[PDB]
């Protein structure tokens, strides 16, 4: 509804929601990787919405479009009655509404906004970092990265040359790899308030 989107989602419900998303995704194809990001990933007691980053080895920066990789997942979550509504149907991003299951007699859960982004495999962990935040954390991390001669965005970490020109995207196989490049000791996802 309307009033529903303005309600907070207790971490407990976010956890139930995560299970549904990850289970359905794994069932479709275990090579899928899905990560619920946002404040939830940072360990927040509650969330404003659920933000899922989806990737698959078959989908990379260099490969052709693969919208089916996302649509297949969105359609399945519709089939299991989790996604109850579609706001934006994109090739790489779905924006919609979802709702946890309740018993025939149990009281219905509020409808929740959910975004699902399909991200190329080689850009995934940069995406996971970016969308985990926090915003202030990201700002601090980018600043330190620049100081060290790197530019980090949502997609890539690139070495800056001697005249300030960003180089080729660096191969990242984890969030840890990104911190390594900029020689920052790793900050666990739940250690990123600032």
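Numbering follows the first chain given and starts at 1.
Judged by mean Cα B factor in the deposited record, 65-73 ranks above the other of 65-73 and 161-169. Checked against the record, the higher mean CA B factor of 25-33 and 46-54 lies with 25-33. Of the candidates 130, 40, 59, 150, the one whose C-alpha carries the top B factor in the deposited record is 59. Among the modelled residues of its chain, residue 121 has a C-alpha B-factor that falls in the highest third according to the deposited record. The entry lists a Cα temperature factor for residue 18 that places it in the middle third of the chain's modelled residues.
For residue 7, the recorded CA B-factor ranks within the highest third of the chain. Only modelled residues enter the ranking.
In the deposited entry, the Cα temperature factor of residue 82 places it in the lowest third of its chain's modelled residues. Sort the modelled residues of the chain by CA B factor and residue 113 lands in the lowest third.
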